[PDB]
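Coordinates as given in entry23.cif (mmCIF, C-alpha atoms):
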data_query
loop_
_atom_site.group_PDB
_atom_site.id
_atom_site.type_symbol
_atom_site.label_atom_id
_atom_site.label_comp_id
_atom_site.auth_asym_id
_atom_site.auth_seq_id
_atom_site.Cartn_x
_atom_site.Cartn_y
_atom_site.Cartn_z
ATOM 1 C CA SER A 1 -6.719 -5.448 -32.404
ATOM 2 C CA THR A 2 -8.252 -6.082 -28.982
ATOM 3 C CA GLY A 3 -8.355 -8.793 -26.338
ATOM 4 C CA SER A 4 -10.780 -9.635 -23.540
ATOM 5 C CA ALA A 5 -10.263 -12.257 -20.827
ATOM 6 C CA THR A 6 -12.135 -13.175 -17.673
ATOM 7 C CA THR A 7 -10.180 -13.021 -14.416
ATOM 8 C CA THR A 8 -11.285 -15.224 -11.493
ATOM 9 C CA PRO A 9 -10.524 -15.028 -7.748
ATOM 10 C CA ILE A 10 -8.291 -17.869 -6.587
ATOM 11 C CA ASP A 11 -10.178 -18.334 -3.308
ATOM 12 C CA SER A 12 -13.116 -17.118 -1.237
ATOM 13 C CA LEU A 13 -11.167 -14.081 0.034
ATOM 14 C CA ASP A 14 -10.112 -12.671 -3.353
ATOM 15 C CA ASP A 15 -6.474 -13.125 -2.322
ATOM 16 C CA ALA A 16 -5.490 -12.913 -6.001
ATOM 17 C CA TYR A 17 -7.009 -13.305 -9.460
ATOM 18 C CA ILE A 18 -6.038 -15.676 -12.284
ATOM 19 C CA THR A 19 -6.523 -15.129 -16.015
ATOM 20 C CA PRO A 20 -6.014 -17.868 -18.648
ATOM 21 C CA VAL A 21 -3.144 -17.238 -21.063
ATOM 22 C CA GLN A 22 -2.238 -19.253 -24.160
ATOM 23 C CA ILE A 23 1.506 -19.836 -24.639
ATOM 24 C CA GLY A 24 3.185 -21.604 -27.540
ATOM 25 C CA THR A 25 2.123 -23.758 -30.485
ATOM 26 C CA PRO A 26 -0.012 -25.776 -29.972
ATOM 27 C CA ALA A 27 -1.348 -23.569 -27.183
ATOM 28 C CA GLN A 28 -0.494 -24.395 -23.586
ATOM 29 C CA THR A 29 -3.006 -22.627 -21.340
ATOM 30 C CA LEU A 30 -1.665 -21.416 -17.981
ATOM 31 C CA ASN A 31 -3.557 -19.379 -15.364
ATOM 32 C CA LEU A 32 -1.469 -16.305 -14.623
ATOM 33 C CA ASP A 33 -1.670 -13.541 -12.017
ATOM 34 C CA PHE A 34 -1.836 -10.264 -13.955
ATOM 35 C CA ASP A 35 0.319 -7.864 -11.935
ATOM 36 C CA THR A 36 0.368 -4.115 -12.676
ATOM 37 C CA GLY A 37 3.080 -3.821 -10.005
ATOM 38 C CA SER A 38 5.752 -5.832 -11.862
ATOM 39 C CA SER A 39 7.044 -6.278 -15.370
ATOM 40 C CA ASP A 40 8.059 -9.942 -15.871
ATOM 41 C CA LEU A 41 5.937 -12.644 -17.514
ATOM 42 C CA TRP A 42 7.187 -15.808 -15.801
ATOM 43 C CA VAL A 43 5.771 -19.316 -15.617
ATOM 44 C CA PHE A 44 6.140 -22.613 -13.855
ATOM 45 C CA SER A 45 7.793 -24.851 -16.423
ATOM 46 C CA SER A 46 9.370 -28.180 -17.294
ATOM 47 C CA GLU A 47 12.589 -26.555 -15.969
ATOM 48 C CA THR A 48 11.243 -25.765 -12.493
ATOM 49 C CA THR A 49 12.893 -27.761 -9.691
ATOM 50 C CA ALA A 50 10.517 -30.681 -9.280
ATOM 51 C CA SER A 51 10.210 -30.388 -5.488
ATOM 52 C CA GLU A 52 9.026 -26.778 -5.954
ATOM 53 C CA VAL A 53 6.071 -27.733 -8.184
ATOM 54 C CA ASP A 54 2.891 -28.775 -6.353
ATOM 55 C CA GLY A 55 -0.153 -28.850 -8.625
ATOM 56 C CA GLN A 56 0.620 -25.967 -10.995
ATOM 57 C CA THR A 57 0.261 -26.301 -14.742
ATOM 58 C CA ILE A 58 3.672 -26.021 -16.389
ATOM 59 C CA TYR A 59 4.876 -24.598 -19.689
ATOM 60 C CA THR A 60 7.032 -27.070 -21.629
ATOM 61 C CA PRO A 61 8.967 -25.120 -24.293
ATOM 62 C CA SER A 62 10.202 -28.295 -25.990
ATOM 63 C CA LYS A 63 6.587 -29.063 -26.964
ATOM 64 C CA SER A 64 6.097 -25.636 -28.596
ATOM 65 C CA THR A 65 7.114 -25.318 -32.230
ATOM 66 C CA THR A 66 7.362 -21.523 -31.863
ATOM 67 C CA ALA A 67 9.498 -21.452 -28.685
ATOM 68 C CA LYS A 68 13.096 -20.277 -28.998
ATOM 69 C CA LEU A 69 15.702 -20.024 -26.262
ATOM 70 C CA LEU A 70 16.736 -16.414 -25.709
ATOM 71 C CA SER A 71 20.406 -17.282 -25.534
ATOM 72 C CA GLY A 72 22.249 -16.090 -22.444
ATOM 73 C CA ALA A 73 19.230 -14.418 -20.855
ATOM 74 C CA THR A 74 18.403 -14.954 -17.191
ATOM 75 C CA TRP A 75 15.955 -13.375 -14.802
ATOM 76 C CA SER A 76 15.519 -13.080 -11.052
ATOM 77 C CA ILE A 77 12.811 -11.215 -9.165
ATOM 78 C CA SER A 78 11.876 -10.528 -5.552
ATOM 79 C CA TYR A 79 8.448 -9.203 -4.628
ATOM 80 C CA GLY A 80 7.286 -6.929 -1.831
ATOM 81 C CA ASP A 81 5.908 -9.910 0.093
ATOM 82 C CA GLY A 82 9.340 -11.548 0.230
ATOM 83 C CA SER A 83 8.617 -14.161 -2.440
ATOM 84 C CA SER A 84 10.949 -14.711 -5.388
ATOM 85 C CA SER A 85 11.631 -16.709 -8.538
ATOM 86 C CA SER A 86 14.328 -16.986 -11.199
ATOM 87 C CA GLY A 87 15.307 -18.837 -14.345
ATOM 88 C CA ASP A 88 16.029 -18.528 -18.063
ATOM 89 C CA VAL A 89 14.065 -17.096 -20.987
ATOM 90 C CA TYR A 90 12.315 -18.233 -24.162
ATOM 91 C CA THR A 91 10.495 -16.220 -26.763
ATOM 92 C CA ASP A 92 7.154 -17.626 -27.872
ATOM 93 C CA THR A 93 3.670 -16.690 -29.019
ATOM 94 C CA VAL A 94 1.403 -15.510 -26.197
ATOM 95 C CA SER A 95 -2.321 -14.799 -26.486
ATOM 96 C CA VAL A 96 -4.667 -13.216 -23.945
ATOM 97 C CA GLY A 97 -8.373 -13.198 -24.669
ATOM 98 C CA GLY A 98 -7.865 -13.382 -28.433
ATOM 99 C CA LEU A 99 -5.006 -10.820 -28.599
ATOM 100 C CA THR A 100 -1.759 -12.394 -29.836
ATOM 101 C CA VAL A 101 1.858 -11.261 -29.418
ATOM 102 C CA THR A 102 4.619 -13.096 -31.252
ATOM 103 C CA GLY A 103 8.139 -13.067 -29.852
ATOM 104 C CA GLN A 104 7.041 -12.403 -26.261
ATOM 105 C CA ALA A 105 9.672 -13.081 -23.614
ATOM 106 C CA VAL A 106 8.376 -15.988 -21.521
ATOM 107 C CA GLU A 107 10.543 -16.310 -18.423
ATOM 108 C CA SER A 108 10.837 -19.966 -17.433
ATOM 109 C CA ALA A 109 11.261 -20.566 -13.703
ATOM 110 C CA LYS A 110 14.064 -22.811 -12.573
ATOM 111 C CA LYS A 111 13.455 -21.876 -8.924
ATOM 112 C CA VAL A 112 10.448 -20.469 -7.076
ATOM 113 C CA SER A 113 10.062 -19.613 -3.404
ATOM 114 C CA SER A 114 7.809 -21.506 -1.033
ATOM 115 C CA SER A 115 4.799 -19.207 -1.304
ATOM 116 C CA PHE A 116 4.586 -19.870 -5.059
ATOM 117 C CA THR A 117 4.948 -23.629 -4.593
ATOM 118 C CA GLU A 118 2.247 -23.576 -1.923
ATOM 119 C CA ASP A 119 -0.278 -21.841 -4.194
ATOM 120 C CA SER A 120 -1.378 -24.472 -6.693
ATOM 121 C CA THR A 121 -3.812 -22.090 -8.442
ATOM 122 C CA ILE A 122 -1.216 -19.631 -9.822
ATOM 123 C CA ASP A 123 0.908 -20.909 -12.719
ATOM 124 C CA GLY A 124 2.956 -17.704 -13.026
ATOM 125 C CA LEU A 125 2.734 -13.925 -13.297
ATOM 126 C CA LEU A 126 2.071 -11.576 -16.213
ATOM 127 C CA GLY A 127 3.593 -8.184 -15.428
ATOM 128 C CA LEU A 128 1.831 -5.011 -16.571
ATOM 129 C CA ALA A 129 3.968 -2.275 -14.996
ATOM 130 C CA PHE A 130 6.485 -0.404 -17.136
ATOM 131 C CA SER A 131 9.136 -2.392 -19.003
ATOM 132 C CA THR A 132 11.941 -0.490 -17.241
ATOM 133 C CA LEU A 133 11.301 -2.820 -14.239
ATOM 134 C CA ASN A 134 11.767 -6.037 -16.247
ATOM 135 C CA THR A 135 14.523 -8.154 -14.677
ATOM 136 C CA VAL A 136 15.861 -10.006 -17.740
ATOM 137 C CA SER A 137 19.630 -9.686 -18.080
ATOM 138 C CA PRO A 138 21.687 -8.768 -20.059
ATOM 139 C CA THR A 139 18.945 -7.541 -22.440
ATOM 140 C CA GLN A 140 15.847 -6.188 -20.706
ATOM 141 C CA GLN A 141 12.582 -7.434 -22.205
ATOM 142 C CA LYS A 142 9.210 -5.806 -22.888
ATOM 143 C CA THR A 143 5.916 -6.590 -21.197
ATOM 144 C CA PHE A 144 3.023 -8.199 -23.044
ATOM 145 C CA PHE A 145 1.228 -4.825 -23.106
ATOM 146 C CA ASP A 146 4.300 -2.992 -24.403
ATOM 147 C CA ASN A 147 4.672 -5.536 -27.212
ATOM 148 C CA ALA A 148 0.967 -5.427 -28.124
ATOM 149 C CA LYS A 149 0.513 -1.662 -27.803
ATOM 150 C CA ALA A 150 1.164 -0.620 -31.397
ATOM 151 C CA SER A 151 -1.338 -3.183 -32.711
ATOM 152 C CA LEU A 152 -4.131 -2.269 -30.288
ATOM 153 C CA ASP A 153 -7.066 -0.136 -31.388
ATOM 154 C CA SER A 154 -6.227 2.185 -28.468
ATOM 155 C CA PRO A 155 -3.057 1.903 -26.316
ATOM 156 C CA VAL A 156 -4.880 0.947 -23.127
ATOM 157 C CA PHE A 157 -5.825 -1.934 -20.910
ATOM 158 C CA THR A 158 -8.520 -2.030 -18.245
ATOM 159 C CA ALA A 159 -8.914 -3.918 -14.969
ATOM 160 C CA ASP A 160 -12.424 -4.740 -13.781
ATOM 161 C CA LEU A 161 -11.879 -6.978 -10.753
ATOM 162 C CA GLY A 162 -14.857 -8.600 -9.061
ATOM 163 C CA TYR A 163 -15.736 -8.801 -5.380
ATOM 164 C CA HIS A 164 -16.138 -12.520 -4.680
ATOM 165 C CA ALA A 165 -16.884 -12.898 -8.398
ATOM 166 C CA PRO A 166 -15.134 -13.019 -11.778
ATOM 167 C CA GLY A 167 -14.172 -9.872 -13.650
ATOM 168 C CA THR A 168 -12.419 -8.846 -16.840
ATOM 169 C CA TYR A 169 -9.129 -7.627 -18.258
ATOM 170 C CA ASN A 170 -9.588 -5.857 -21.608
ATOM 171 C CA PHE A 171 -6.821 -4.812 -24.006
ATOM 172 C CA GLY A 172 -7.142 -2.092 -26.622
ATOM 173 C CA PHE A 173 -10.640 -0.748 -25.852
ATOM 174 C CA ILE A 174 -12.772 0.732 -23.065
ATOM 175 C CA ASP A 175 -16.072 -1.128 -22.509
ATOM 176 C CA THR A 176 -18.473 1.742 -21.882
ATOM 177 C CA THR A 177 -21.075 -0.725 -20.518
ATOM 178 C CA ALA A 178 -18.767 -1.844 -17.694
ATOM 179 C CA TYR A 179 -18.930 1.259 -15.489
ATOM 180 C CA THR A 180 -21.343 3.928 -14.298
ATOM 181 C CA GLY A 181 -20.915 7.667 -14.603
ATOM 182 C CA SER A 182 -17.734 8.999 -16.164
ATOM 183 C CA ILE A 183 -14.084 7.982 -15.975
ATOM 184 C CA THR A 184 -11.849 10.421 -14.088
ATOM 185 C CA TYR A 185 -8.276 10.484 -15.349
ATOM 186 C CA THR A 186 -5.290 11.394 -13.183
ATOM 187 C CA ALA A 187 -1.587 11.903 -13.834
ATOM 188 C CA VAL A 188 0.959 9.079 -13.617
ATOM 189 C CA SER A 189 4.658 9.186 -12.780
ATOM 190 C CA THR A 190 6.696 6.422 -14.399
ATOM 191 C CA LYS A 191 9.896 7.399 -12.535
ATOM 192 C CA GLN A 192 9.797 4.250 -10.355
ATOM 193 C CA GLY A 193 8.425 2.013 -13.124
ATOM 194 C CA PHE A 194 4.942 1.799 -11.550
ATOM 195 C CA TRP A 195 1.467 3.117 -12.330
ATOM 196 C CA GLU A 196 2.127 5.761 -9.683
ATOM 197 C CA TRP A 197 -0.463 8.464 -9.037
ATOM 198 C CA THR A 198 -1.679 10.839 -6.295
ATOM 199 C CA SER A 199 -5.039 10.372 -4.617
ATOM 200 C CA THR A 200 -6.704 13.579 -3.448
ATOM 201 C CA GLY A 201 -7.836 12.287 -0.038
ATOM 202 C CA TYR A 202 -10.103 9.937 1.865
ATOM 203 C CA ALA A 203 -13.190 9.470 4.002
ATOM 204 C CA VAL A 204 -14.076 6.822 6.593
ATOM 205 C CA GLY A 205 -17.675 5.614 6.457
ATOM 206 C CA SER A 206 -20.094 8.536 6.392
ATOM 207 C CA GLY A 207 -17.412 10.902 7.701
ATOM 208 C CA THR A 208 -16.247 14.094 6.069
ATOM 209 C CA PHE A 209 -13.721 13.898 3.262
ATOM 210 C CA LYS A 210 -10.146 14.789 4.212
ATOM 211 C CA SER A 211 -8.313 16.532 1.382
ATOM 212 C CA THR A 212 -4.712 15.325 1.408
ATOM 213 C CA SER A 213 -2.347 14.071 -1.287
ATOM 214 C CA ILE A 214 -1.557 10.337 -1.094
ATOM 215 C CA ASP A 215 1.034 9.141 -3.606
ATOM 216 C CA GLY A 216 0.735 5.449 -4.373
ATOM 217 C CA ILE A 217 0.680 2.725 -7.024
ATOM 218 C CA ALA A 218 -2.199 0.917 -8.743
ATOM 219 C CA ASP A 219 -1.154 -2.699 -8.153
ATOM 220 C CA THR A 220 -3.394 -5.579 -9.193
ATOM 221 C CA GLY A 221 -0.771 -7.989 -7.827
ATOM 222 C CA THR A 222 -1.174 -6.830 -4.217
ATOM 223 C CA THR A 223 -4.219 -8.056 -2.293
ATOM 224 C CA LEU A 224 -4.733 -5.251 0.241
ATOM 225 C CA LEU A 225 -4.818 -1.456 0.465
ATOM 226 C CA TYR A 226 -1.639 -0.068 2.105
ATOM 227 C CA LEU A 227 -1.838 3.582 3.213
ATOM 228 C CA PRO A 228 -0.061 5.946 5.635
ATOM 229 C CA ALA A 229 -0.309 5.080 9.310
ATOM 230 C CA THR A 230 -2.347 8.215 10.076
ATOM 231 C CA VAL A 231 -5.034 7.242 7.531
ATOM 232 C CA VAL A 232 -5.146 3.591 8.610
ATOM 233 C CA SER A 233 -5.429 4.555 12.294
ATOM 234 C CA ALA A 234 -8.342 6.868 11.495
ATOM 235 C CA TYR A 235 -10.111 4.012 9.678
ATOM 236 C CA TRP A 236 -9.676 1.325 12.355
ATOM 237 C CA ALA A 237 -10.573 3.746 15.159
ATOM 238 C CA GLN A 238 -14.135 3.482 13.836
ATOM 239 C CA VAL A 239 -14.273 -0.284 14.448
ATOM 240 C CA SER A 240 -14.919 -1.345 18.052
ATOM 241 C CA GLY A 241 -12.200 -3.686 19.247
ATOM 242 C CA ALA A 242 -9.875 -3.235 16.274
ATOM 243 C CA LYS A 243 -6.176 -3.065 17.037
ATOM 244 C CA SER A 244 -2.784 -3.386 15.412
ATOM 245 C CA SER A 245 -1.239 -6.751 16.319
ATOM 246 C CA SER A 246 2.522 -7.102 15.955
ATOM 247 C CA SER A 247 2.199 -10.878 16.347
ATOM 248 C CA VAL A 248 -0.334 -11.204 13.529
ATOM 249 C CA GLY A 249 1.323 -8.554 11.351
ATOM 250 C CA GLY A 250 -1.261 -5.783 11.083
ATOM 251 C CA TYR A 251 -4.690 -4.585 12.065
ATOM 252 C CA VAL A 252 -7.196 -7.186 13.225
ATOM 253 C CA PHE A 253 -10.802 -6.694 14.249
ATOM 254 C CA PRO A 254 -13.608 -8.745 15.821
ATOM 255 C CA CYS A 255 -15.167 -10.968 13.196
ATOM 256 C CA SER A 256 -18.554 -9.925 14.632
ATOM 257 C CA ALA A 257 -18.026 -6.323 13.467
ATOM 258 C CA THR A 258 -19.726 -4.548 10.602
ATOM 259 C CA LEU A 259 -16.982 -2.564 8.838
ATOM 260 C CA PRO A 260 -17.416 1.001 7.562
ATOM 261 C CA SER A 261 -16.736 1.886 3.960
ATOM 262 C CA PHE A 262 -13.571 3.699 2.883
ATOM 263 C CA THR A 263 -13.608 6.405 0.195
ATOM 264 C CA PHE A 264 -10.572 7.530 -1.801
ATOM 265 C CA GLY A 265 -10.312 10.571 -4.046
ATOM 266 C CA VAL A 266 -9.435 10.607 -7.741
ATOM 267 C CA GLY A 267 -9.285 14.268 -8.621
ATOM 268 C CA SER A 268 -12.695 15.642 -7.708
ATOM 269 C CA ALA A 269 -14.262 12.163 -8.004
ATOM 270 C CA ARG A 270 -14.694 9.575 -5.260
ATOM 271 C CA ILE A 271 -14.426 5.777 -5.225
ATOM 272 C CA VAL A 272 -16.231 4.024 -2.370
ATOM 273 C CA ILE A 273 -14.883 0.709 -1.068
ATOM 274 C CA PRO A 274 -17.758 -1.057 0.751
ATOM 275 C CA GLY A 275 -16.986 -2.247 4.268
ATOM 276 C CA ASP A 276 -17.369 -5.911 3.314
ATOM 277 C CA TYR A 277 -14.453 -5.589 0.862
ATOM 278 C CA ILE A 278 -12.180 -4.841 3.855
ATOM 279 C CA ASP A 279 -12.925 -8.161 5.636
ATOM 280 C CA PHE A 280 -10.225 -10.786 5.034
ATOM 281 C CA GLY A 281 -11.661 -13.293 7.457
ATOM 282 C CA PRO A 282 -10.295 -15.193 10.437
ATOM 283 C CA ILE A 283 -6.578 -14.862 11.077
ATOM 284 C CA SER A 284 -6.494 -18.654 11.501
ATOM 285 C CA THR A 285 -9.167 -21.246 10.902
ATOM 286 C CA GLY A 286 -11.942 -20.868 13.478
ATOM 287 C CA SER A 287 -10.622 -17.685 15.077
ATOM 288 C CA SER A 288 -12.969 -14.830 15.952
ATOM 289 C CA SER A 289 -10.199 -12.330 15.153
ATOM 290 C CA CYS A 290 -10.396 -11.185 11.531
ATOM 291 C CA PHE A 291 -7.694 -9.658 9.341
ATOM 292 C CA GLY A 292 -8.175 -6.148 8.000
ATOM 293 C CA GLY A 293 -8.022 -5.221 4.330
ATOM 294 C CA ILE A 294 -6.573 -1.748 4.984
ATOM 295 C CA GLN A 295 -3.066 -1.840 6.454
ATOM 296 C CA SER A 296 -0.217 0.561 7.116
ATOM 297 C CA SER A 297 2.383 1.182 4.417
ATOM 298 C CA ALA A 298 4.849 2.549 6.988
ATOM 299 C CA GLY A 299 7.177 -0.442 6.579
ATOM 300 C CA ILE A 300 6.952 -0.636 2.768
ATOM 301 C CA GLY A 301 8.206 2.722 1.535
ATOM 302 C CA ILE A 302 5.263 3.205 -0.842
ATOM 303 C CA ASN A 303 1.478 3.321 -0.627
ATOM 304 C CA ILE A 304 -0.254 0.546 -2.558
ATOM 305 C CA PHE A 305 -3.756 0.685 -4.050
ATOM 306 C CA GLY A 306 -4.110 -3.088 -4.278
ATOM 307 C CA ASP A 307 -7.082 -5.258 -5.121
ATOM 308 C CA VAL A 308 -9.184 -4.050 -2.156
ATOM 309 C CA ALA A 309 -9.227 -0.584 -3.729
ATOM 310 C CA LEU A 310 -9.091 -1.469 -7.413
ATOM 311 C CA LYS A 311 -11.988 -3.942 -7.330
ATOM 312 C CA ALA A 312 -14.304 -1.097 -6.238
ATOM 313 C CA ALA A 313 -13.602 0.621 -9.587
ATOM 314 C CA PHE A 314 -13.311 0.204 -13.326
ATOM 315 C CA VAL A 315 -9.651 1.117 -13.868
ATOM 316 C CA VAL A 316 -8.072 2.334 -17.133
ATOM 317 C CA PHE A 317 -4.317 1.893 -17.569
ATOM 318 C CA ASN A 318 -3.695 4.385 -20.382
ATOM 319 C CA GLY A 319 -0.362 3.678 -22.087
ATOM 320 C CA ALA A 320 -0.391 6.672 -24.405
ATOM 321 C CA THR A 321 2.857 8.593 -24.904
ATOM 322 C CA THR A 322 2.110 10.319 -21.595
ATOM 323 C CA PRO A 323 0.496 7.569 -19.498
ATOM 324 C CA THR A 324 -2.456 8.258 -17.225
ATOM 325 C CA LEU A 325 -4.811 6.295 -14.966
ATOM 326 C CA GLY A 326 -8.606 6.437 -15.125
ATOM 327 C CA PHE A 327 -11.087 5.421 -12.423
ATOM 328 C CA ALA A 328 -14.856 5.019 -12.648
ATOM 329 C CA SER A 329 -17.450 3.666 -10.269
ATOM 330 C CA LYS A 330 -19.294 0.539 -11.355
#

Transcribe the structure of this file into structure tokens.
Amino acid sequence: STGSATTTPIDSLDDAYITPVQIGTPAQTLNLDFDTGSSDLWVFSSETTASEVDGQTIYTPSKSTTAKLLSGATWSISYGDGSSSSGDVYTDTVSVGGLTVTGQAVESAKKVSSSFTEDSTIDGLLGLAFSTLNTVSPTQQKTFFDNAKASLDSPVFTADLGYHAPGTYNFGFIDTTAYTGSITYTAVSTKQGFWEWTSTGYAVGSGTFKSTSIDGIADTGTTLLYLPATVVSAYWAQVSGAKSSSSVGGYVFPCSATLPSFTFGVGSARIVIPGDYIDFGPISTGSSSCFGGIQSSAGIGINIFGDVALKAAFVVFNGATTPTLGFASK
């Protein structure tokens, strides 16, 4: 089997991407944030505290003839941005782009933190990291990809995120028309539960490539590119007037600037992030100070190849017995 679904930016900055997902019988379609940095599929629901719902579409398990309470199971998750959610668990039928999994754990939110409430466009998350990170207790549950894997034509999914435009998540096949050149594959460590890999270096604009190993994660659920302070300083030093602002929370730059590109290495191959992808616009409405799309990871504990980096590539998440990541230009 295969599946193919369009993913759409939630706003004009590409802060996140939503993909329609069918849950239950008859189908209830929710727009979920596919997140290769986490491993829970959770949704706003008829159980979510009413004051914490503000415009989201909710899953109502009582209206699904295939929903079943997973007795005794609870979940609770906290994300790197400080947001969180928790609740109980149903199993139900879940379909993405024509690919159907029966018995998928659908984690129903009883509580969500303010940032979820305040984002009316995201109805939940669909985790695509390794199932060892799933938070369901006392019986850990499998991701949608893990459950579908055996049925797929090939045990892979791909992320093809657009810049200011829709893109595609494919399951079970590699669309050879969706990228240019060849796909370069690189080793993955699953020891932390992430799609963790080592980039071979970087370049700033037209500068020379610096060969240096950068361990980090491919994370579709993180907006920006978080890299070591040395790398980030070298990038922003090429932008007149850019500075790190403790009050804003990272590097800012004059909105009048033209940003240089940023290149990262994948083995001997190179992925070029155009300068425009690094512009996240005014820090506040009407400001001439703009927020940078490349930020320091020094306070995180891990480097994160988020959407800024991934949307410059066609990315293969290869879930074979020994997982690997593939990157191509497009």

- CA of residue 161 in chain A to CA of residue 306 in chain A, straight-line distance in Å: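 CA of residue 306 in chain A sits 10.8 Å away from CA of residue 161 in chain A.
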
- Task: Take the PyMOL selection byres ((chain A and resi 202-208) around 7), apply it to the structure above, and return the hits as an NGL selection string.
- Result: :A and (201 or 209-211 or 235 or 260-265)

Include C-alpha atoms and write out the residues we just selected as a PDB file, in the frame of the given file.
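The result, stored in selection-v7.pdb:
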ATOM      1  CA  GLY A 201      -7.836  12.287  -0.038  1.00  0.00           C
ATOM      2  CA  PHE A 209     -13.721  13.898   3.262  1.00  0.00           C
ATOM      3  CA  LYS A 210     -10.146  14.789   4.212  1.00  0.00           C
ATOM      4  CA  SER A 211      -8.313  16.532   1.382  1.00  0.00           C
ATOM      5  CA  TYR A 235     -10.111   4.012   9.678  1.00  0.00           C
ATOM      6  CA  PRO A 260     -17.416   1.001   7.562  1.00  0.00           C
ATOM      7  CA  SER A 261     -16.736   1.886   3.960  1.00  0.00           C
ATOM      8  CA  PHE A 262     -13.571   3.699   2.883  1.00  0.00           C
ATOM      9  CA  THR A 263     -13.608   6.405   0.195  1.00  0.00           C
ATOM     10  CA  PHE A 264     -10.572   7.530  -1.801  1.00  0.00           C
ATOM     11  CA  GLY A 265     -10.312  10.571  -4.046  1.00  0.00           C
TER      12      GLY A 265
END

- Shell around range 25-34 of chain A at 10 Å using all atoms listed in the file, local window under 5 positions removed, as JSON, numbers by chain: {"A": [7, 8, 9, 10, 16, 17, 18, 19, 20, 39, 41, 42, 43, 44, 56, 57, 58, 59, 60, 61, 63, 64, 65, 66, 67, 92, 93, 94, 95, 96, 121, 122, 123, 124, 125, 126, 127, 128, 129, 159, 169, 219, 220, 221]}

- Expansion of the PyMOL selection byres ((chain A and resi 132) around 10) into residues, as a list in words: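 With the PyMOL selection byres ((chain A and resi 132) around 10) on this model, the match is residues 38, 39, 129, 130, 131, 133, 134, 135, 140, 141, 142, 143, 190, 191, 192, 193 and 194 of chain A.
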
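The interatomic distance for the pair CA of residue 330 in chain A and CA of residue 258 in chain A works out to 22.5 Å.
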
- Message: Please expand the PyMOL selection byres ((chain A and resi 327) around 10) into the concrete residues it hits in this file, giving the result as a PyMOL selection string.
- Response: chain A and resi 158-159+179+182-186+265-267+269-271+310+312-317+325-326+328-330
